[PDB]
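To start, the structure under review is shown below, and the notes come after it.
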Amino acid sequence: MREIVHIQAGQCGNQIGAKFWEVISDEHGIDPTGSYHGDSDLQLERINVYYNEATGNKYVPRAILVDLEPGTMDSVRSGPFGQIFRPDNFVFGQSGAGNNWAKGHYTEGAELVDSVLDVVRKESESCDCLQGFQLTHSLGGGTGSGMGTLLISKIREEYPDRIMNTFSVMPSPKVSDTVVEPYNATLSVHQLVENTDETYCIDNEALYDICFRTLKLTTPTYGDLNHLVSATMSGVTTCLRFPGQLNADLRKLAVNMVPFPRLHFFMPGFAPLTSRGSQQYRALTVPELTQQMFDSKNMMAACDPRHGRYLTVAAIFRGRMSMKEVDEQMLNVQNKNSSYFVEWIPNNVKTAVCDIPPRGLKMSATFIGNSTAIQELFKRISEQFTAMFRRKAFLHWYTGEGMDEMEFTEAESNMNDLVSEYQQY
Amino acid sequence: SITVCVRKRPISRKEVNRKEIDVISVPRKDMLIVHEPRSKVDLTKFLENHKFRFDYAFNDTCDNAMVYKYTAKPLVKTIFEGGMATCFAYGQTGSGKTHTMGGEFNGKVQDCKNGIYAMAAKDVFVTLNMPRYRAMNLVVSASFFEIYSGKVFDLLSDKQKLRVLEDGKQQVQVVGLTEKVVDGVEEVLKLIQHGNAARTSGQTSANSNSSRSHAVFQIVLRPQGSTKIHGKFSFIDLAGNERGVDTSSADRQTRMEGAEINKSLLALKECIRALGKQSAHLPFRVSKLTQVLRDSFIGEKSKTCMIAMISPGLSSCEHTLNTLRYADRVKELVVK
Ligand SMILES: Nc1ncnc2c1ncn2[C@@H]1O[C@H](COP(=O)(O)OP(=O)(O)NP(=O)(O)O)[C@@H](O)[C@H]1O
Ligand SMILES: Nc1nc2c(ncn2[C@@H]2O[C@H](COP(=O)(O)OP(=O)(O)O)[C@@H](O)[C@H]2O)c(=O)[nH]1
Ligand SMILES: [Mg+2]
Numbered sequence: 001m002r003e004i005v006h007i008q009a010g011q012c013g014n015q016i017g018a019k020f021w022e023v024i025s026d027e028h029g030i031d032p033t034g035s036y037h038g039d040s041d042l043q044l045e046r047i048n049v050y051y052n053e054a055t056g057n058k059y060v061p062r063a064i065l066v067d068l069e070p071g072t073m074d075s076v077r078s079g080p081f082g083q084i085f086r087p088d089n090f091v092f093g094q095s096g097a098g099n100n101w102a103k104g105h106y107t108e109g110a111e112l113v114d115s116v117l118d119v120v121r122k123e124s125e126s127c128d129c130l131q132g133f134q135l136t137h138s139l140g141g142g143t144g145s146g147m148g149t150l151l152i153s154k155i156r157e158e159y160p161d162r163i164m165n166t167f168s169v170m171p172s173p174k175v176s177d178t179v180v181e182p183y184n185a186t187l188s189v190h191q192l193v194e195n196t197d198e199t200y201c202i203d204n205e206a207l208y209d210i211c212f213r214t215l216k217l218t219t220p221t222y223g224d225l226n227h228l229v230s231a232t233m234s235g236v237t238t239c240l241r242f243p244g245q246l247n248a249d250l251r252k253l254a255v256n257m258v259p260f261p262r263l264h265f266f267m268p269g270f271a272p273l274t275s276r277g278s279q280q281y282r283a284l285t286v287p288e289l290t291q292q293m294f295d296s297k298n299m300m301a302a303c304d305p306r307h308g309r310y311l312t313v314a315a316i317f318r319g320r321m322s323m324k325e326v327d328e329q330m331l332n333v334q335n336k337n338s339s340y341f342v343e344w345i346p347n348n349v350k351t352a353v354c355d356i357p358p359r360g361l362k363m364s365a366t367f368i369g370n371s372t373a374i375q376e377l378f379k380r381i382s383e384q385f386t387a388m389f390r391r392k393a394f395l396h397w398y399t400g401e402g403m404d405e406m407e408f409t410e411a412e413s414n415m416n417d418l419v420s421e422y423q424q425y
Numbered sequence: 278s279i280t281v282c283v284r285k286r287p288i289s290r291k292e293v294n295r296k297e298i299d300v301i302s303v304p305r306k307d308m309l310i311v312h313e314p315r316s317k318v319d320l321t322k323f324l325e326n327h328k329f330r331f332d333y334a335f336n337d338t339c340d341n342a343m344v345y346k347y348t349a350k351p352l353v354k355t356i357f358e359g360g361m362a363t364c365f366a367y368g369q370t371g372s373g374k375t376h377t378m379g380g381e382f383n384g385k386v387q388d389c390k391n392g393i394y395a396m397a398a399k400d401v402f403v404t405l406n407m408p409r410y411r412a413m414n415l416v417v418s419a420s421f422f423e424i425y426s427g428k429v430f431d432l433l434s435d436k437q438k439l440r441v442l443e444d445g446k447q448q449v450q451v452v453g454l455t456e457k458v459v460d461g462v463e464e465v466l467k468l469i470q471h472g473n474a475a476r477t478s479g480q481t482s483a484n485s486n487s488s489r490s491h492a493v494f495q496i497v498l499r500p501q502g503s504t505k506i507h508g509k510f511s512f513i514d515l516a517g518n519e520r521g522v523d524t525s526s527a528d529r530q531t532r533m534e535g536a537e538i539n540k541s542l543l544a545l546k547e548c549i550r551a552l553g554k555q556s557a558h559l560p561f562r563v564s565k566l567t568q569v570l571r572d573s574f575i576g577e578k579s580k581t582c583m584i585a586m587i588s589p590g591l592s593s594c595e596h597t598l599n600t601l602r603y604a605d606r607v608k609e610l611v612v613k
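So the sequences go chain by chain: B and K. So the first sequence is numbered by the deposited numbering: it starts at 1 and just counts up by one. So the second sequence is numbered by the deposited numbering: it starts at 278 and just counts up by one.
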């Protein structure tokens with residue numbers, strides 16, 4: 001009825017899909033060996049959303065996990081997050097494309113989609129209503145941006161009636177591998193924007209700027225930043241198995257968050273902002289985190305919310321708390337700041353309270369915003385791309401790999417049109 | 278006082294099978310443009326145009342009589358004034374050199390009715406029969422060399438090895454060459470047909486009669502009963518540099534003559550530029566081919582006519598710019 005087939009690819013897709021499962025298996029309280037040990041019926045009726053069925057409180061958690069190089073496939077099968085899922089979804093490749101978007105899309109990456117699409121054709125006929133396709137990948141890599149963007153088109157031309165969202169990861173100059181990728185970026189955005197519905201804009205330019213200043217983690221790893229992004233991805237999908245006053249299914253989330261005919265890159269906020277297990281924090285009071293959702297710093301996308309006029313401000317609350325104070329503290333913003341949220345929607349969505357607390361936080365929150373502050377994550381990519389391109393530098397890594405020189409020009413001009421589309425004030 | 282002409286040759290049948298692109302255009306009477314494909318640093322290919330201006334330029338549809346009429350035909354009213362005159366055939370190998378000089382390549386045979394040797398030896402005799410010049414009572418005699426492995430051979434006699442000596446008046450004299458006395462034009466065609474049958478040439482599939490030696494044909498104009506020399510017309514068919522892709526089946530014998538063709542032309546390339554600047558010691562005695570060609574450059578009564586031969590295609594664009602640049606340097610020469 002309300003079934004979800006999940007898919008992910010790439011190193012960043014696989015270094016968060018393990019982090020995605022460990023958070024939701026402790027907020028729902030799921031045993032990592034395959035079983036379940038919980039108490040509430042809030043966490044028990046909704047077991048058919050992601051998961052299959054088997055006897056003895058066991059199942060197979062279906063999510064297509066694929067990359068060509070076998071070093072990543074052997075790194076997400078070690079721990080208790082390894083034996084949780086189906087071994088027949090072990091879909092790997094022969095030769096990993098070395099951060100080449102071209103080999104992951106046309107020459108080599110367009111070979112083993114038939115070993116991926118055959119898995120999706122069997123996880124579709126077993127369900128009864130498929131209510132989405134989710135995707136986690138990096139926007140500037142190899143098969144994470146090559147194969148992960150191609151598998152959208154192979155399913156969208158076969159299941160066009162399904163709302164598709166992608167958990168996007170913009171790259172950054174500070175945390176960087178295969179140092180130059182505005183070529184890998186805008187080729188991965190151009191086929192994304194033309195083929196998706198919802199797009200969560202996560203960048204490593206803001207996930208490193210917070211840790212340099214607020215959390216004081218000056219030199220972290222990917223896994224320290226994988227912890228930050230895996231806390232929001234449970235704060236988003238808590239409106240899928242924990243119902244409330246805002247029954248906020250993904251198709252209903254699609255209609256309630258997309259004003260203009262083209263998709264836009266969502267800029268989520270966060271709860272009070274620490275790492276795992278860190279003390280020295282106050283009680284998570286409701287009127288305090290209103291300033292922590294509308295902060296100019298607490299954003300999961302490096303932007304400027306003081307200038308970006310709000311369009312959709314749907315923020316999901318989690319934890320047993322007072323319903324009266326939630327309704328009052330939101331009215332200290334639109335009734336005082338007419339430029340931050342502006343006049344497009346009468347009675348815009350501003351709350352959805354969940355009672356089940358996350359694993360480690362009591363009375364937390366999850367801000368999900370969308371505004372014209374996402375100009376600056378289009379101008380900083382394009383200015384780093386137009387310096388790459390008006391001298392035709394590093395052009396020969398794609399032209400000998402079955403590409404076209406003038407496909408850059410559309411994907412350049414498609415991004416410049418987005419910025420001029422955002423000055424609708 | 279050297280006239281320079283150029284002749285683009287047409288494209289063969291085998292070069293159409295390998296899909297060869299023609300880059301040499303002769304749009305006007307005395308111009309030529311080389312279309313050179315070049316790529317920039319960012320793999321953006323562009324095209325260069327190398328203009329040239331000569332005394333006369335030949336198309337690819339011109340026949341050997343038209344090439345004759347503008348090169349060696351004006352030089353017959355010079356040999357009957359006391360001077361001497363030569364003509365070269367300078368270019369890449371396979372570029373139609375012995376097709377112009379020797380004759381039209383009729384497969385297994387050599388149709389010597391064409392060529393510059395026969396058409397001028399005919400035109401000496403018509404000039405000799407005019408009543409203005411019949412009064413001098415001259416005797417036309419013909420000789421015919423071969424320069425192989427740096428040494429001079431002979432082709433009228435079968436294999437007479439020849440020496441290159443010098444008179445006290447600074448005049449090179451090959452001695453002792455065979456100098457038969459020519460009766461008429463039916464006699465001089467018997468020399469050339471017998472001459473080309475004995476010229477040393479390789480045997481392969483691409484160029485089954487490729488030149489392997491620098492053949493020199495002379496027509497000596499002598500007064501009767503004096504044993505002086507009143508005029509000479511010395512033809513020169515070269516062998517042509519070959520260093521592009523000549524790696525087919527070359528044994529120790531093939532590159533023995535192979536590196537000696539290229540050695541003889543570098544000596545010829547240097548004497549052009551040494552005559553270009555002034556007062557330098559003109560290296561005429563490096564190769565014996567340059568010692569024969571001494572009287573062509575610094576002759577006080579010498580009127581030469583170099584015919585620069587050009588292969589048309591794309592793969593020979595490198596040799597083409599090499600060959601055309603020397604002929605422009607040959608044109609810009611003032612000896613005395
Ligand atoms: N103007 C022309 N028209 C038609 N065919 C030509 C022309 N010039 C040359 N050829 C042909 O080109 C082929 C090779 O010509 P050739 O005269 O041997 O070149 P080459 O430079 O003298 N090679 P080599 O003898 O070693 O110097 C022969 O089949 C000729 O008939
Ligand atoms: N934030 C974050 N970014 C990552 C992670 N892993 C990879 N990336 C980004 O993804 C890019 C590399 O893409 P990758 O998946 O390795 O390419 P592929 O393996 O050839 O498909 C780098 O620029 C990183 O910025 C991760 O765990 N966290
Ligand atoms: Mg020849």
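For each residue, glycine too, the CB sits at the ideal point set by N, CA and C.
Asked	Found
Residues in the region 384-406 of chain B having any Cβ partner in chain K nearer than 8 Å	391, 392, 393, 395, 396, 399
Test item, CB below 5 Å from any non-hydrogen atom of ligand 3	K/374, K/375, K/488
Stretch-stretch touch, CB-based, cutoff 8 Å, three pairs: the region 359-379 of chain B with the region 408-420 of chain B	yes
Beta-carbon contacts of residue 109 of chain B that lie in its chain and below 8 Å, excluding the five residues immediately before and after	68, 97, 103, 143, 146, 147, 150
Top-ranked residue by Cα proximity to residue 368 of chain K, from K/471, K/400, K/513	K/513
Neighbour flag for residue 319 of chain K against chain B, beta carbons, 8 Å	yes
Under the three-state DSSP convention, the category residue 235 of chain B falls into	helix
Contact test: residue 516 of chain K Cβ vs ligand 1 heavy atom, cutoff 7 Å	yes
Bridge-paired residues (DSSP) for residue 455 of chain K	According to DSSP, residue 455 of chain K bridges with nothing at all.
Residue 451 of chain K versus K/495, K/327, K/355, residue with shortest Cα-Cα distance	K/495
Within 8 Å, strictly: CB atoms of residue 329 of chain B and residue 286 of chain B	yes
CB of residue 215 of chain B within 8 Å of CB of residue 138 of chain B, strictly	no
Bounding residues of the alpha helix (DSSP H) (the contiguous stretch that carries residue 348 of chain B)	From DSSP, residue 348 of chain B is part of no alpha helix (DSSP H); its letter is neither H nor E.
Nearest residue (CA-CA) to residue 387 of chain K, options K/469, K/334, K/465	K/469
8 Å Cβ cutoff met for residue 398 of chain K and residue 465 of chain K	yes
Residue 187 of chain B vs residue 319 of chain K beta-carbon contact at 8 Å	no
Spatially closest choice to residue 321 of chain K from B/58, B/392, B/411, by CA coordinates	B/392
Bounding residues of the alpha helix (DSSP H) (the contiguous stretch that carries residue 398 of chain B)	396-399
C-alpha gap between residue 306 of chain K and residue 344 of chain K, whole angstroms	13 Å
Residue of K/331, K/333, K/311, K/336 minimising C-alpha distance to residue 324 of chain K	K/311
heavy atom of ligand 2 below 7 Å from residue 94 of chain B C-beta	no
Contact set for residue 237 of chain B: own chain, Cβ-Cβ below 8 Å, skip 5 residues either direction	24
Neighbourhood of residue 272 of chain B by C-beta distance below 7 Å, restricted to the same chain and skipping five residues each side	281, 284, 289, 292
Cβ-based burial, residue 352 of chain B [other Cβ within 10 Å; buried from 16]	buried
Chain-order list of residues whose beta-carbon lies under 7 Å from that of residue 212 of chain B (same chain, five-residue window excluded)	218
Any non-hydrogen atom of ligand 1 within 7 Å of residue 615 of chain K CB	With chain K running from 278 to 613 in the structure shown, residue 615 of chain K is simply not present.
Cβ-heavy atom distance, residue 405 of chain B to ligand 1, below 7 Å	no
In DSSP terms, what residue 491 of chain K is bridged to	Residue 491 of chain K is not bridged to any residue.
As assigned by DSSP and simplified to three states, the class of residue 280 of chain K	strand
Any 3 or more C-beta pairs closer than 8 Å across the region 2-10 of chain B and the region 125-137 of chain B	yes
Within 8 Å, strictly: CB atoms of residue 422 of chain K and residue 492 of chain K	yes
Counterpart residues of residue 450 of chain K in DSSP-defined beta bridges	K/442
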